[PDB]
Amino acid sequence: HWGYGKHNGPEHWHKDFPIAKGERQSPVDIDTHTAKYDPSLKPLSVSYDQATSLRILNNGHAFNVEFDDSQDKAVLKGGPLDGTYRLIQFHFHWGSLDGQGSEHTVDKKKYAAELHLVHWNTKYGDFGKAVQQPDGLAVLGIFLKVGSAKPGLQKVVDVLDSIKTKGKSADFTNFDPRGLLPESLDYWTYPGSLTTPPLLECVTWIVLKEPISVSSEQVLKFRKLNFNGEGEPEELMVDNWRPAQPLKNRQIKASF
Ligand SMILES: COc1ccc(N2C[C@H](O)c3cc(S(N)(=O)=O)sc3S2(=O)=O)cc1
Ligand SMILES: [Hg+2]
Ligand SMILES: [Zn+2]
């Protein structure tokens, strides 16, 4: 079944998910010089102060930190969005080396990792219904750059030994997602898709202009995870990213 290996990675995805060849697939290259500065874009409103994390889980493709989305506890509004979008989980895509790992690239430059904060549009009642809609999800994408440690990332990094193999989870309450945001909330936005199977074109992508820094030992920890379940041969979880797709008649708008 799908993964990121030679035999089941991105280039093979189209056979089971034909939408991989669709019209608004993600990720894409953000060419800064032809993105259109749109003056009618409102600022983003990230209200993560009431966020309730529940659990961290290795799912064989990445580790996800899941949040309680039963009430409007951590939401995203504003920007290009019409409506309130609830936070349900965040995850990362990273490389085996520091020069690759992001999914979106800026002027073809790749970062060491990319954080995705997944939100679903509350007018659709639940996540399941939201993924049936063109404006069902908004994902906030943050590039991670190697340098100085991000203190808010360290709690995540310390629990990764308990969830080394596929299927393991550990309770992960009281984690505050605000410690992973950059200073600026300037962004690029375009209509796109999920970047893993099922590749549904349900997403308004909001990619922040400002990267956050993590140390190499923090990102090293990411690389010790396993794609495999325990008792299986070990495959290190590295390079779990999809290459950029053609923009195909889409324009990227810049809030700046
Ligand atoms: C059957 O219903 C479902 C439909 C979709 C999903 N997704 C899991 C995917 O792995 C995936 C990938 C995302 S990314 N890299 O941000 O573009 S977001 C996301 S998901 O959590 O929405 C789960 C259940
Ligand atoms: Hg959709
Ligand atoms: Zn992702």
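We number each residue from 1, following the sequence as shown. Side chains are part of it too, since the values below use all heavy atoms of this structure and drop only hydrogens, waters and symmetry mates. Counting convention: from 1, in listed order, for ligands and their atoms alike.
One finds the CZ atom of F227 at 8.5 Å from the NE2 atom of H61 (value rounded to the nearest 0.5 Å). For the atom pair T204 OG1 and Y190 OH, the distance stands at 10.0 Å (nearest 0.5 Å).
The single protein non-hydrogen atom nearest to atom 13 (C) of ligand 1 is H91 CE1, 3.8 Å, given as residue, atom name and distance. Atom 18 (S) of ligand 1 has as its closest protein heavy atom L194 CD2, 3.6 Å. Shortest contact from atom 12 (C) of ligand 1 to any protein heavy atom: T196 OG1, 3.3 Å. The shortest contact between atom 17 (O) of ligand 1 and any protein heavy atom is with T195 N, 2.9 Å. The protein non-hydrogen atom at the shortest distance from atom 24 (C) of ligand 1 is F127 CE2, 3.9 Å.
Shown here is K6, whose NZ atom has no more than 12 heavy atoms of other residues, nucleotides or ligands within 6.0 Å. More than 12 heavy atoms of other residues, nucleotides or ligands sit less than 6.0 Å from atom CD of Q50.
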Verdict with reasoning, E230 to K168, per salt bridge (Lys or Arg N to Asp or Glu O under 4.0 Å): CA-CA 9 Å; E230 72 163 291; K168 281 180 174 171; 3.5 Å; yes
Begin with the C-alpha distance, continue with both residues' side-chain angles, and end with the deciding distance and a verdict on salt bridge (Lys or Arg N to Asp or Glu O under 4.0 Å) for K109 and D107. CA-CA 5 Å; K109 170 186 174 58; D107 296 318; over 6 Å; no
Begin from the C-alpha positions of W188 and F143 and carry the test ring pair (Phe, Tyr, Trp, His ring centres under 6.0 Å) through to its verdict. CA-CA 12 Å; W188 294 284; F143 298 120; 7.1 Å; no
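Inspection of the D135 and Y85 side chains reveals no N or O donor paired with an N or O acceptor under 3.5 Å. Side-chain atoms of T165 and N226 include no donor-acceptor pair closer than 3.5 Å. For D16 and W2, the side-chain atoms include no donor-acceptor pair closer than 3.5 Å.
Within the structure, the closest approach of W120 to ligand 1 does not fall below 4.0 Å when heavy atoms are considered.
The ring of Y4 has its center no closer than 6.0 angstrom to the ring center of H93.
Interface atoms of ligand 1 facing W205, defined by a heavy-atom separation under 4.0 Å, are 17 (O). Against a heavy-atom cut-off of under 4.0 Å, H93 is close to the following atoms of ligand 1: 15 (N). Close contacts between ligand 1 and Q89 involve ligand atoms 21 (O) [criterion: under 4.0 Å to a heavy atom].
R86 pairs with exactly one of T122, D72, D69, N121 by the side chain to side chain donor-acceptor pair (under 3.5 Å) rule, that one being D72.
Under 4.0 Å from ligand 1, not a single heavy atom of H61 appears. Of all the heavy atoms of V118, the ones lying under 4.0 Å from any atom of ligand 1 belong exclusively to the side chain.
Within the protein, the number of N, O or S atoms lying under 2.8 Å from the Zn ion (ligand 3) is 3.
Per-atom contact check: atom 8 (C) of ligand 1 does not touch the protein, criterion being a heavy-atom distance below 4.0 Å. Protein heavy atoms all stay at least 4.0 Å away from atom 1 (C) of ligand 1.
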